[PDB]
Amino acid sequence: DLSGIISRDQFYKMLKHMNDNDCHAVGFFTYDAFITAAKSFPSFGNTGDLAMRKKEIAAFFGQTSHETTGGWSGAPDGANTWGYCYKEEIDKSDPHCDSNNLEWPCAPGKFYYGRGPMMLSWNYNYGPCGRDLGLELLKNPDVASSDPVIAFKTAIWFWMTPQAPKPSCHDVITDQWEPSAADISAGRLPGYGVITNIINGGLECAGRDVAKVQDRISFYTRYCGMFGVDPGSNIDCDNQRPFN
């Protein structure tokens, strides 16, 4: 299974500062929770040859490490060793409630700020995620940051789920996505860049936030080196139009 693609040793070598006193979610994100969560998504890390499976895992941790990073220029061992420092958004002031969404209504008093490795946010994402995971995330979003299995499940759910016009990150990284004519025109080609685009393209790609994109790339390149895989082509999204 996945344990033969990413070992416990590898997991903690990647996330080598997350259990440091300087981080904020010490002991929360465990290797065991990761392996358990991945079982709800059997194709994740299990599609293709060993190099492809390792590249998928590197990409998943590259992106989620950025979403949860505590890194900066002077962080011990380098900024790209400080993934998984947070388990939820620092700024909790906004409930992230779209009261115009009728399918996934906001539960009164509840806040849908970012939680988990992918920083799942908004009632309209907690809703479908909860539906697909068989969990009451819309009524009780806080479970996404109190239970590390649920936390990882929300991240893997995001990774595996197409949200038109977007393919899933999974499909892109496993060479199962065939770009449309519109994608081609927009410079959206298979690679890590289009995964950044799927996750936060509107705020980062087309050169909108080079710093954030470079941090995403820095984690990914580090992890690819540790796994012994090539990060591949189209790693950046500075020449891609955001999806809509």
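In this text, residue numbers run from 1 along the sequence as written.
The PDB entry reports B-factors from which the mean C-alpha value can be compared for 50 to 58 and 35 to 43; the larger average falls on 35 to 43.
Looking at 159 to 167 and 109 to 117 together, the entry lists the larger mean B-factor for 159 to 167, computed on C-alpha atoms.
Of the residues listed, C129, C85, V172, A144, the entry assigns the biggest Cα temperature factor to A144. Among all modelled residues in this chain, the alpha-carbon of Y192 has a temperature factor (C-alpha) in the lowest third. Looking at the C-alpha B-factors along this chain, the one for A211 belongs to the middle third. When the CA B factors of the chain's modelled residues are split into thirds, the value for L138 lands in the middle one. Among the modelled residues of its chain, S233 has a C-alpha B-factor that falls in the highest third according to the deposited record.
Among the modelled residues of its chain, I150 has a C-alpha B-factor that falls in the middle third according to the deposited record.
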